[PDB]
Every structure is written in C-alpha cells, then in structure tokens.
Amino acid sequence: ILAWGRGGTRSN
Amino acid sequence: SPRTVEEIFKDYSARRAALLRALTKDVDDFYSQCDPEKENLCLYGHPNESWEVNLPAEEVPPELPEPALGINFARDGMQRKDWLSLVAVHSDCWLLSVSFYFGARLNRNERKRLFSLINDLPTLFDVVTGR
Amino acid sequence: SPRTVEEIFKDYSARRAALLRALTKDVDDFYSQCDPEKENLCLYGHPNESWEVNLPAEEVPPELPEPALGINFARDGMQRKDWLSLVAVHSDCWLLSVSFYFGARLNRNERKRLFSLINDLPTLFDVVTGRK
C-alpha cells in the first residue's frame with residue numbers, strides 16, 4: 001500500500 | 001487573518017499554488033532541501049505563493065495548524081513518486097486544516113460554501129499522481 | 001484503513017464522539033491532564049471512541065495527521081473557556097484532516113458528499129462555545 005518507507009526520531 | 005469565505009479561499013488558493021510549485025516545477029530544489037541529515041523538516045505554503053522547507057514553528061502550541069513533521073526522514077527509503085504522493089496528501093490535509101481553522105466562526109452554510117470552492121480545484125495528490 | 005465514504009465517516013464520527021466527551025462530560029479530567037509542567041501533550045480521539053492526552057509519536061513522519069502539539073503549555077495563560085475553545089478548533093481541524101487523509105483517493109463528488117455528512121454534525125468549537 002502507500003506508506004512512508006521509514007522515519008526517524010522526533011528532534012529534541 | 002482571513003475571515004470571509006472569499007478571504008479564506010484566496011489564502012487557500014495561494015498556499016496551494018506554493019505547494020503545487022514545490023511538488024512540480026521546483027521539485028528538485030524541494031527534494032534537495034528535504035535533507036535526511038538535518039533535524040525534522042516540514043513543507044509550508046504561504047499566502048504570498050512562496051513555499052518553504054523549515055523546522056517546525058518556535059511557538060508551541062502553534063497559532064496555525066502545522067504541516068507533517070519530518071518528511072525528510074522518509075525521503076530516501078521509498079519510491080520518489082510515492083514520497084511525493086504522501087507529501088502531497090499530507091499537504092492537502094494541511095491546507096484544509098488551515099482554511100477551516102480560519103473558518104472556525106463560519107456557520108454551517110458558510111462552511112459548505114467554502115468547501116465547495118476548495119473542491120473546485122484539483123488536489124495536490126491528484127495532480128502529483130496524475131489522476 | 002477506512003476507504004469508502006461510509007467507512008471514513010464512521011471513523012470520523014467515532015473520533016469526534018470521543019473528543020466531544022473529552023471537552024464536555026470529562027472536561028475536568030481533560031483539563032487536569034493538560035498540566036503545563038509536562039512535556040508537550042496532545043488530545044487524540046480514536047475510532048473506538050476513546051480519547052487520551054498523550055505525547056506525540058516518537059517516530060516521524062507520522063502515519064496519520066497529528067493533533068495540535070503542546071496544548072498543555074497554553075492552559076494557564078488564558079481563560080479556561082478560551083483555552084477549551086482553542087483546543088476545540090484545533091480538534092475540529094484535526095478530525096477533518098484525518099478524514100481527508102483517508103479520503104485522498106476519493107473523487108470530487110465523493111469528497112463533497114463526505115464533507116456534507118461531516119458538516120451536518122455541529123463542530124466541537126460550536127458545542128464548546130455554545131454556538132448553534
């Protein structure tokens with residue numbers, strides 16, 4: 001389906 | 001801030017034109033600015049028809065609804081047309097959120113009128129996917 | 001994920017019912033949970049009709065559009081009725097955003113139908129502010 005391939009931790 | 005149906009649609013149309021340009025004519029510039037190496041980035045469209053890739057807003061909670069956070073983190077891990085398609089859908093949602101944020105005080109008939117105007121333009125998702 | 005206008009609108013109605021409860025029947029619980037000392041918190045409504053005040057998701061970008069971040073930071077710097085109105089507007093916008101995320105593949109006429117169903121429900125802002 002259509003989904004983000006991966007990601008990253010929210011910056012903080 | 002925009003308050004009437006026409007004011008809100010003028011703002012919507014200009015922000016949409018910005019985002020459409022970022023996703024089509026300026027896409028290589030936009031793509032390159034969404035550097036996975038930087039902190040989390042968002043794509044904004046502004047009422048002067050300029051687009052901007054930047055960190056989320058300083059002020060928390062934001063005055064305006066904010067766009068999807070961290071789109072640069074997903075850029076390299078999927079097909080480019082799919083990343084652009086998902087940026088487009090989140091950007092479509094953000095436009096709608098901004099307009100009905102400004103339109104909070106509109107009544108039910110006025111809200112229908114605003115949506116019908118917005119619904120007169122193709123969405124970013126439809127243009128980007130060629131639908 | 002919801003795909004038809006019927007599925008998307010039932011998902012919308014369920015999230016909205018949860019948020020309406022948070023801002024009316026359970027407003028004292030919601031207000032108390034939004035402690036300005038804590039990290040940034042948001043108000044989520046889910047399609048099982050549950051509401052929660054929680055951190056945002058750690059991994060970004062998110063699958064769904066996210067609600068307004070850090071609403072607790074503003075709680076004590078304004079009148080309570082105005083803070084609740086602001087939460088209500090942002091929660092109305094979030095609900096609309098989620099539905100039209102699921103509805104990305106709908107055509108123009110289906111999008112018009114979806115909005116008309118949503119527009120037949122009073123907004124959280126109107127309920128909270130007492131507008132009719």
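With ideal geometry, Cβ positions are generated from the backbone for all residues, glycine too; neighbour counts draw on all protein chains shown. Values in this text are rule-based calculations from the coordinates and carry no lab data.
Taking the Cα-to-Cβ direction at B:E7 and at C:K10 and moving 7 Å from each Cα, how far apart do the two end points lie in nm?
According to this spin-label approximation, the distance is 4.1 nm.
Based on other C-beta atoms within 10 Å, arrange B:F73, C:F9 from fewest to most. Could the numbers behind the result be given before it?
Numbers: B:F73 26, C:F9 21.
Fewest to most other Cβ atoms nearby, the residues stand as C:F9, B:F73.
Hey, got the dipole for chain B? About the Cα centre, +1 on K and R Cβ, -1 on D and E Cβ, debye to the nearest 20? Provide the component values of the computation, followed by the final result.
Details: 16 positive and 21 negative charges, 149 e Å.
I would put it at about 720 debye.
Angle check, please: helix B:5-23 long axis (alpha carbons) against the longest principal axis of chain B (alpha carbons), in degrees 0 to 90, nearest 10.
10
Using only the alpha carbons, work out the radius of gyration and Dmax of chain C in angstrom.
14.9, 46
With a 10 Å Cβ neighbour count serving as the proxy for reagent exposure, in which order, fewest first, do B:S97, C:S32, C:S13 appear? Before the final figure, lay out the partial values.
Numbers: B:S97 25, C:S32 10, C:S13 17.
Listing B:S97, C:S32, C:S13 from fewest to most nearby Cβ atoms yields C:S32, C:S13, B:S97.
Provide C:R75, B:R131 in ascending order of the number of other Cβ atoms located within 10 Å of each residue's Cβ, fewest first.
Working: C:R75 19, B:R131 11.
Going from sparsest to densest Cβ surroundings: B:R131, C:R75.
For n ≥ 4 DSSP H runs only, could you compute -39500 (n - 2.57) per run for chain B, divide by its residues and tell me the 222 nm figure to the nearest 500?
Details: 5 runs with 65 residues, N = 131.
For chain B, the value works out to -15500 deg cm²/dmol.
Please determine, in degrees from 0 to 90 and to the nearest 10, the orientation of helix C:80-102 with respect to the longest principal axis defined by the Cα atoms of chain C, where the helix direction is its Cα long axis.
30
If you average the C-alpha positions of the range C:1-45 and of the range C:110-124 separately, how far apart do those two centres end up, in angstrom?
If we compute the Cα centre of each part, the gap is 18 Å.
Sticking with the crude label model, points 7 Å out along Cα→Cβ, report the distance from C:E49 to B:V60 in nm, one decimal please.
Rounded to a tenth, the inter-label distance reads 3.4 nm.
Multiplying the sequence separation of C:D82 and C:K38 by 0.36 nm and subtracting their Cα-Cα distance, what value in nm do you get? Don't jump to the answer; show the numbers that get you there.
Working: separation 44, 0.36 × 44 = 15.84 nm, distance 2.06 nm.
Length difference between fully extended and current span is 13.8 nm.
Give me the Å³ per residue figure for the convex hull around the C-alpha atoms of the protein assembly as shown. Walk me through the numbers on the way to the answer.
Working: hull volume 33.7 nm³, N = 275.
Cα convex hull per residue, to the nearest whole number: 123 Å³.
Dipole magnitude of the protein assembly as shown about its Cα centre, charges +1 at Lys/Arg Cβ and -1 at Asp/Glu Cβ only, in debye to the nearest 20? Walk me through the numbers before you get to the answer.
Numbers: 35 positive and 42 negative charges, 269 e Å.
Roughly 1300 debye for the protein assembly as shown.
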